[PDB]
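Enquirer: below you'll find the sequence and an experimental structure to go with it.
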Amino acid sequence: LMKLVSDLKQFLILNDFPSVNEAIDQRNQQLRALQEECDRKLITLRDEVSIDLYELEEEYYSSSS
Amino acid sequence: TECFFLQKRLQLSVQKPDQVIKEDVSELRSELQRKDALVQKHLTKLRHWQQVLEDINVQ
């Protein structure tokens, strides 16, 4: 009976009615930091790619024979 | 002076086109070398960025 009561208490306090909703906020912060790093990486990549693309266009369009 | 140089160029082209052909060949070789170098630099940068993305997408 004690084991079953402890199990039911852990069940109801685990995810049934736990007032601790800060886990959602922590997940929000983690995922937002992840997507911000991803966006920054993509932006740096596109900037480098654009620089290289302009440097390549300058040699492609101005060379024909 | 520029017009004198251009007149010399005319007389040289009408008197010796082999020099013009050699100069064109040299210019084409230089352009090919520059294009190869630019392509190699772009490939190096692209591979570096690929490794960067592969290391950063660990999530």
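Expert: Structure received. Residues are numbered from 1 along each chain as shown, chains lettered A, B, ... in the order given.
Enquirer: does the lengthiest helix in chain A come close to chain B?
Expert: Across chain A, the helix with the greatest residue count (assigned by DSSP state H) is helix A:22-60. Yes. For helix A:22-60, a contact with chain B is found by Cβ under 8 Å from any Cβ of the partner chain, at A:34, A:37, A:38, A:41, A:45, A:48, A:49, A:52, A:55, A:56, A:59. For the C-beta atoms, the positions are set from N, CA and C on the backbone; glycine is no exception.
Enquirer: for that helix, name the packing helices and strands.
Expert: Applying 3 or more Cβ pairs under 8 Å, 6 or more residues apart in numbering or on different chains; DSSP states H and E, we find helix A:22-60 packed against helix B:17-56.
Enquirer: what are the buried residues along the helix it packs on?
Expert: B:38, B:42, B:49 (16 or more other Cβ atoms under 10 Å in any protein chain shown).
Enquirer: now narrow the residues you listed to whatever sits close to chain A.
Expert: With Cβ under 8 Å from any Cβ as the criterion, those include B:38, B:42, B:49 near chain A.
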